[PDB]
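To start, the structure under review is shown below, and the notes come after it.
Quick note: the coordinates plus some simple rules give every number you see, no bench work behind them. Cβ: placed from backbone, ideal geometry, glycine included. Neighbour counts: every protein chain shown.
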Amino acid sequence: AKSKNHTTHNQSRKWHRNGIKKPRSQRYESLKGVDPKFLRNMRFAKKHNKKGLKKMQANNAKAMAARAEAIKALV
Amino acid sequence: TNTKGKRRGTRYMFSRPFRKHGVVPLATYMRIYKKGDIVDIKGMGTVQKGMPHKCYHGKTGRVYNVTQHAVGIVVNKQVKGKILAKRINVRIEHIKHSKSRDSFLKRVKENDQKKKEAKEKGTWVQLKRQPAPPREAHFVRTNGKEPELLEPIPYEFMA
Amino acid sequence: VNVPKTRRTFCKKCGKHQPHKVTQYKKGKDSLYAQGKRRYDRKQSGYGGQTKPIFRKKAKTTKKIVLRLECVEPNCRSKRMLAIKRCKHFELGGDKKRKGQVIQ
RNA sequence: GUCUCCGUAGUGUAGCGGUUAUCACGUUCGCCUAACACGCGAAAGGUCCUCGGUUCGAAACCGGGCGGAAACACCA
RNA sequence: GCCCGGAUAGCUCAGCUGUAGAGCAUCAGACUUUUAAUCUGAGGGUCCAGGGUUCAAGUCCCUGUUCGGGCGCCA
RNA sequence: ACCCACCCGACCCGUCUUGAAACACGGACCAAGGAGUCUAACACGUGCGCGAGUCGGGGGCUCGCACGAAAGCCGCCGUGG
RNA sequence: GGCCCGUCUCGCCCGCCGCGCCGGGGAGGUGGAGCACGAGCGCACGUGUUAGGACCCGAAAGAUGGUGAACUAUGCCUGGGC
RNA sequence: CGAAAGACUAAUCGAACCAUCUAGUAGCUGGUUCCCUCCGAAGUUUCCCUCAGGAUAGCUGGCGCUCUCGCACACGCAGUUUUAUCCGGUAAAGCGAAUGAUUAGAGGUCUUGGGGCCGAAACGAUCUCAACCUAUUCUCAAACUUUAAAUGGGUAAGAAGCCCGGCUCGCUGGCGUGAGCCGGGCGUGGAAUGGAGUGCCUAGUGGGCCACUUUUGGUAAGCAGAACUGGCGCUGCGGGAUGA
RNA sequence: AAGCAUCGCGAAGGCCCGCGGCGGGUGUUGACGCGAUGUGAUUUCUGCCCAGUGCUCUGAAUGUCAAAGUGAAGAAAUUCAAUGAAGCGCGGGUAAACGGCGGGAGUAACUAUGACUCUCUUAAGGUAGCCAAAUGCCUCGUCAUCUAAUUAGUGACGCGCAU
RNA sequence: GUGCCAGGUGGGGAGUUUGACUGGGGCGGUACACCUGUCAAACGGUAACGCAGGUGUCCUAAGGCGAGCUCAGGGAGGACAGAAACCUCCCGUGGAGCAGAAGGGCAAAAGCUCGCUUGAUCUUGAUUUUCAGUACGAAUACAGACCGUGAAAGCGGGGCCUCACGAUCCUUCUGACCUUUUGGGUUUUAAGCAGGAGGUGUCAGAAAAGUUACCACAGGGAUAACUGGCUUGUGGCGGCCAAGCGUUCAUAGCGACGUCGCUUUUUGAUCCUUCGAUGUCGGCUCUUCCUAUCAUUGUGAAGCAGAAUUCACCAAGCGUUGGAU
RNA sequence: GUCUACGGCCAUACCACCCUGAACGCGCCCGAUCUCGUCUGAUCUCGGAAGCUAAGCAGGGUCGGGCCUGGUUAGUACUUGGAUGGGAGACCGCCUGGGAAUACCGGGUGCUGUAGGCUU
RNA sequence: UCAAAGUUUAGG
Ligand SMILES: [Mg+2]
Ligand SMILES: [Mg+2]
Ligand SMILES: [Mg+2]
Ligand SMILES: [Mg+2]
Ligand SMILES: [Mg+2]
Ligand SMILES: [Mg+2]
Ligand SMILES: [Mg+2]
Ligand SMILES: [Mg+2]
Ligand SMILES: [Mg+2]
Ligand SMILES: [Mg+2]
Ligand SMILES: [Mg+2]
Ligand SMILES: [Mg+2]
Ligand SMILES: [Mg+2]
Ligand SMILES: [Mg+2]
Ligand SMILES: [Mg+2]
Ligand SMILES: [Mg+2]
Ligand SMILES: [Mg+2]
Ligand SMILES: [Mg+2]
Ligand SMILES: [Mg+2]
Ligand SMILES: [Mg+2]
Ligand SMILES: [Mg+2]
Ligand SMILES: [Mg+2]
Ligand SMILES: [Mg+2]
Ligand SMILES: [Mg+2]
Ligand SMILES: [Mg+2]
Ligand SMILES: [Mg+2]
Ligand SMILES: [Mg+2]
Ligand SMILES: [Mg+2]
Ligand SMILES: [Mg+2]
Ligand SMILES: [Mg+2]
Ligand SMILES: [Mg+2]
Ligand SMILES: [Mg+2]
Ligand SMILES: [Mg+2]
Ligand SMILES: [Mg+2]
Ligand SMILES: [Mg+2]
Ligand SMILES: [Mg+2]
Ligand SMILES: [Mg+2]
Ligand SMILES: [Mg+2]
Ligand SMILES: [Mg+2]
Ligand SMILES: [Mg+2]
Ligand SMILES: [Mg+2]
Ligand SMILES: [Mg+2]
Ligand SMILES: [Mg+2]
Ligand SMILES: [Mg+2]
Ligand SMILES: [Mg+2]
Ligand SMILES: [Mg+2]
Ligand SMILES: [Mg+2]
Ligand SMILES: [Mg+2]
Ligand SMILES: [Zn+2]
């Protein structure tokens, strides 16, 4: 009593009932499996972003004032 | 039932082409992949360290990691019913920049040129592409000489 | 295979690399008052015949050889197990084979 | 057909990868004897079945060739 | 695995930490008309392998490789 | 809806099976009987009550129980889960 | 990004009735059925999965305790028959 | 118990009968009770003392939720195609290209031979057949190939995109990289179609078979075994007289 | 089945029952007996094989061999040691115990067979007998006989698949 | 002697076991765990007891660096020296070598020869491959230690790449001034925690011999032993071609080397039907059909003088017997 | 025009033989005290600068081989999809789109980056 | 005070 041994006959059909969906792409994928030495350093960089805040805020206010002067000169 | 061995059936795939054996010429090594570079994988026989598996040869995907002398590269591999985006660590020698994306960037650059200009002019320009339309109305001058008649030729047995 | 009797490899205790004496490892005598043996003793007792299985179907014909790497620097002497691939010949310090010589 | 083993001077056999290939008989040549036999002393003789491989090296280890010989071929 | 034994010259075997015994076999001398048989001498031991104890080991010691009679058997 | 006629259609059901009208099995006929239950434990879903709580058991107090072996109440209201 | 427990690596300081092979913290990884302004508890119905006779019917067997030699098997006692 | 046949032991004997344990166990036969409605399979996966069964994926249903907008004011997704761009070593082709096979004559003392004939003998003369070689030539390859299709498989075709300004780093470093952060500035970016996403419970199934084309074993088979799609199984209806 | 032949036992015994007993059967018995096996009247024979598996005999000369007992060290659980019963090994016997019982070459003044020789081999290598038998594959063996005709019957033959 | 322990003996007795796949089973194989080339239909993936093979190891270097070289083969030379010894010049895309099967890869190397070495060491995670996208094994990229080597850039955590291997439980070894050993303390002991080893080859891992013709039960046409289907290799019968035979003459009768068919009175394949049973050989008896015609009727042919004859046509009306084993 | 040093792509760059090379280079070349290394100053290392382009190197040449690129081969071979097309089969023709490979015949025979020379 | 030692034209 020998069987059928293997096949792939009805399988494509079976797969395509429910699509063959592409793998759901997000923005902001994880940093799992990224070269450790990198990840330390981007972690440290992220740690000290709040250091150098007061400088950054002022720079944007100076930029915003320069934009407001430019738009007044245009109008 | 076939053997599950890693390199089964790559007699031809991983085999340097005709009269291109020997030293892996150096541009190959010394060109830079960043994150998110579109990259097509193509295994190579000379370099056996960091070889991709025979399933990812031909396949294109994006770079996610870059180590000292290899590049982590997300590629989509189908499995019966489900496409699995998965991340593989190929050594540079088995990898090129895929040009597929550059022709796109060329077009967007050309669009940004054609958007900046034609704004002060006022005349809006076709930025979208369009498929090859039917080939328009036109005259054909049979200049002096008439058409050439083509009789089909009588059969004969050559061999 | 052949391996030499001295080995300058890592020593955990010291933290460095250090020379170690090498020797092939052996199973010790079997306690008798291990919980296992104490358990089997009081199970296997009485009637019931034999209670746990007995392996009678030997497939392989060689052991993974293990070396017992002992640290040379005193004030440490730290022993360490170090396995090697299976081989039906093994020895320690059995000549250096000699390239480019007459066989007779 | 399967699985097994064996192919070595003329004959029957030994042979643990490095041999002058072992032993007995047979063969030739002396001697002894009147002659023969026995006997004594010497000698000669192997395609190590065939081819290819592994080996620094194969009579052997490994593959196939051509032979030879046992066991199996059952339930209807 | 545990106990025990053998491994010595071609072979079989002695050997009590200070030219390695016996017998056969091997080769040269007698005897033989010669051979065999037998009597004399001569040659031939990595004392299985390695390390130690020891002033000194074939032996004592340990460790292996064998050997081969019993014991034994939880992945 | 009873009977008859005619034209066309139309093999016997059940079942196992890739395949049953089968030269596959079960079945003469009728009546009654006749097979996914209950308990426990888990999980998810749904409905209700209360909600950082919730809970009811077990026990007790109220009755001879007609209805009650119910119903009600408990610094036990929380030992405890 | 952060915090808690396990664990590793590297480091530098604190504490006191008992200065100790005492106790406490830091940085960076990494294991945890974790935390990051709670969602559970009780009751009821449904489906599924199990353990139970467990959808209904079905063995060959296995075990305990009892009944039979009125048939037949063999022995013995006492009679009969050729 | 047996003058032995496994004979006989109350029509029962290769282990009597009665009651109980007992509703013994069964991956195996058989059966399994009203209507309409809606959706609707599988015989393939890996593991299993597994191959008449399970497990696990798959395929089914049920319950939903989260959003979308025909309420003149849409994003995303696809058993397509288009435009770019990689991948390939099958068909074919090739063997005056490698590997291996293989025919023929030309040419060649290449080598050298073994056999000759004429030579004592002599690359002397003359043939010859061996292998080798110089151009040619015949015919081949699932486990050969310089070439090389068709059909085919990736990517890409924008707001998660571009373009400016500045901050953070214990990484990297002549200065710079590269990454991560803030803050602004810019909109339809090929065709065709379609509302999408997402989570829980979950049954049956895990004997298959048939045809086009491709395809292995076999003289072949209504034989055995794969690929590809579509059937039958689950399905009636017109045709093929009859019929999966 | 008679007949033949082995084997155990002198009774605190052989053989056997029984759950147990200063239990029971053989046995109200004693080797011309009880018990266990084979073969199968008579006649005539009963070859060789003790390597194998059995059974049995001997036993400090002795390898291993348990519990207890003896010593040992340890704080003790303990470990280690020496000691050492039967049994295995070691050595004899036994086939009317289970059973077993060969293969090459050459050789005789026609040829053929092979008395004879040579080897290689086992524990021996199948003896007396017997035979295509109720035992022989090839097989419907060959010769004879019996029949007009015989895959049958009988008598002979014997490298006899496989007496 | 009895009582209780100890060791031996013990199919007298008990209980139980006695794989799988498989063109029925058994016998044989292993297609049971792996690897190469092919099968495979130019991504991947794919079957059969398909094809051709390999694996249970080997290596102290055949691992790791760095240096220097160049290999097979051939030509032409040189005392003994010849086809082969050693030296020297030339050519040499690898035709060698790289432990092993094959495939790939490899030349100031991945080959050979030296020098120095232990990266075959210690430790987190990520990933790939089989995949369910679990394990094992095998691999890839990093990261942290401690080293090696090189002037250095670098390379190296085994073997150029694709195979060489093994869970829970138990044991054993190694590891930390580690935890527990429970009323507390000290010490042995044991128990934990973490990593190696002792193996399950039926290789995701029972501990396991037969026989039954005295047999049983659950089932199976998922599967054999008949018929019948398909097929026709094999058997049977028949063409075509025409080298020969036939004194002479291919073809009166024949017919090689080749070739095309039919047939189901042979045997195989196969397993569709039937296992809640289709009575399993032969003979007897009886009927009917077929023709591929032995005889009989009518005819063509001859190597037909007659007689006897074979070859062919129409043709199955009628026949085709008695015995020995 | 051209070279040297380090190159990228790796024959349009290879091989064979032939010719020509001003200047600067690059070489061959002459030595072994020292560095370094050989059986050997051949190579390797080092110190030089008398000769010479003989060679390497460059540029050219050849009805050259080779390679590169077109044609032809050929809408041929093959092939996606189609039919109740043919054919006893084997196979073939059509529709629908895709479409090769030798032999044979042409053409071509390195381009170029950085840094520094020379032809002032 | 006992080893082993077989054979011998047809051709007068
Ligand atoms: Mg199946
Ligand atoms: Mg006991
Ligand atoms: Mg069934
Ligand atoms: Mg069926
Ligand atoms: Mg039906
Ligand atoms: Mg029918
Ligand atoms: Mg039935
Ligand atoms: Mg009926
Ligand atoms: Mg009813
Ligand atoms: Mg709920
Ligand atoms: Mg559930
Ligand atoms: Mg139930
Ligand atoms: Mg029952
Ligand atoms: Mg039972
Ligand atoms: Mg019974
Ligand atoms: Mg029931
Ligand atoms: Mg089953
Ligand atoms: Mg639905
Ligand atoms: Mg292929
Ligand atoms: Mg082809
Ligand atoms: Mg089923
Ligand atoms: Mg079938
Ligand atoms: Mg069905
Ligand atoms: Mg007897
Ligand atoms: Mg005996
Ligand atoms: Mg017998
Ligand atoms: Mg006889
Ligand atoms: Mg008769
Ligand atoms: Mg007779
Ligand atoms: Mg039994
Ligand atoms: Mg089976
Ligand atoms: Mg394909
Ligand atoms: Mg080198
Ligand atoms: Mg190597
Ligand atoms: Mg490292
Ligand atoms: Mg106490
Ligand atoms: Mg019988
Ligand atoms: Mg039978
Ligand atoms: Mg019987
Ligand atoms: Mg059937
Ligand atoms: Mg003729
Ligand atoms: Mg049939
Ligand atoms: Mg009937
Ligand atoms: Mg006719
Ligand atoms: Mg010089
Ligand atoms: Mg020059
Ligand atoms: Mg010149
Ligand atoms: Mg040219
Ligand atoms: Zn140490």
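Starting from the 7 Å offset along Cα-to-Cβ, what nm value, one decimal, do you get for the label separation of C:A59 and A:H6?
Using points 7 Å along Cα→Cβ, the separation is 2.2 nm.
Which of A:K37/B:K59; B:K49/C:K96; B:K77/C:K85; B:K49/C:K16; A:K32/B:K35 have a Cα-Cα distance over 26 Å?
Among A:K37/B:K59; B:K49/C:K96; B:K77/C:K85; B:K49/C:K16; A:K32/B:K35, the Cα-Cα distance tops 26 Å for A:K37/B:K59; B:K49/C:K96; B:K77/C:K85; B:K49/C:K16.
Loop-only check: which GluC sites (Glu not before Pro) in region B:76-148 are DSSP coil with at most 15 other Cβ within 10 angstrom?
When the GluC sites (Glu not before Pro) of region B:76-148 are filtered for loop state and at most 15 Cβ neighbours within 10 Å, B:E117, B:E120, B:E136, B:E148 remain.
Taking region B:58-136, which trypsin sites (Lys or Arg not before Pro) meet the DSSP loop condition and have no more than 13 other C-beta atoms within 10 Å?
Passing sites in region B:58-136 are B:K80, B:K119, B:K121, B:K128, B:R129, B:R135.
I'm a student and want to see the number: the projected area of the Cα convex hull of chain B, averaged over all directions, in nm².
Convex hull of Cα atoms, orientation-averaged projection: 23.3 nm².
How far apart, in nm, are two points set 7 Å out from the Cα along the Cα-to-Cβ line at B:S98 and at B:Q126?
In this crude label model, B:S98 to B:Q126 measures out at 2.9 nm.
With unit charges on the beta carbon (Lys/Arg positive, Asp/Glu negative), name the residue among B:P154, B:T28, B:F139 whose Cα is farthest towards the positive pole of the charge dipole of the protein assembly as shown.
B:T28
Among rounded, prolate and oblate, which fits the protein assembly as shown when a ≥ b ≥ c are the square roots of the eigenvalues of its C-alpha gyration tensor, a/c under 1.5 means rounded, and a/b larger than b/c means prolate?
prolate
Which ³J(HN,Hα) values, rounded to whole Hz and listed in residue order, are derived for region C:8-18 from phi using the Karplus coefficients 6.51, -1.76 and 1.60 in 6.51 cos²θ - 1.76 cosθ + 1.60 with θ = phi - 60°, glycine and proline given as x?
8, 10, 5, 10, 3, 4, 6, x, 9, 7, 7
What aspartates and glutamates could a cross-link reach from B:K54, if we take a straight Cα to Cα line under 18 Å and drop same-chain neighbours fewer than 8 places away?
Output for B:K54: B:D40, B:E93.
Along Cα→Cβ, 7 Å out, is where each label goes; now give me the distance between the ones at B:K77 and B:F139 in nm to one decimal.
About 6.4 nm, to one decimal.
Taking the 0 to 90 degree range and rounding to the nearest ten, how far is the long axis of helix C:35-44 tilted relative to the main principal axis of chain C, both from C-alpha atoms?
Taking the Cα atoms of chain C, the angle to C:35-44 is about 40 degrees.
Specify whether the C-alpha gyration tensor of chain C places it in the rounded, prolate or oblate class, a ≥ b ≥ c being the square roots of the eigenvalues: rounded for a/c under 1.5, otherwise prolate if a/b is larger than b/c and oblate if not.
Oblate, because a/c is 1.5 or more while a/b does not exceed b/c.
Show me the chymotrypsin sites (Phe, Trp or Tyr not before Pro) within region B:55-128 that DSSP assigns to loop and that have at most 16 other Cβ atoms within 10 Å of their Cβ.
B:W124
³J(HN,Hα) across region A:67-75 via Karplus (A = 6.51, B = -1.76, C = 1.60, θ = phi - 60°), whole Hz, x for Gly/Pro?
Once θ is set to phi - 60°, the couplings for region A:67-75 become 5, 5, 5, 5, 6, 6, 5, 5, 7 Hz.
I'd like the Kirkwood hydrodynamic radius of chain A, using the inverse of the mean 1/r over distinct C-alpha pairs, in Å.
Every distinct Cα pair counted, the radius reaches 19.7 Å.
Using unit Cβ charges (K, R positive; D, E negative) and no other charged atoms, how large, in debye to the nearest 20, is the dipole of the protein assembly as shown about its Cα centre?
Using only the charged Cβ atoms, the result is roughly 3080 debye.
Go through region A:6-17 residue by residue and turn each phi into a ³J(HN,Hα) via Karplus (6.51, -1.76, 1.60, θ = phi - 60°); whole Hz please, and just put x for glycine and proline.
5, 7, 9, 6, 9, 7, 4, 3, 3, 5, 7, 4
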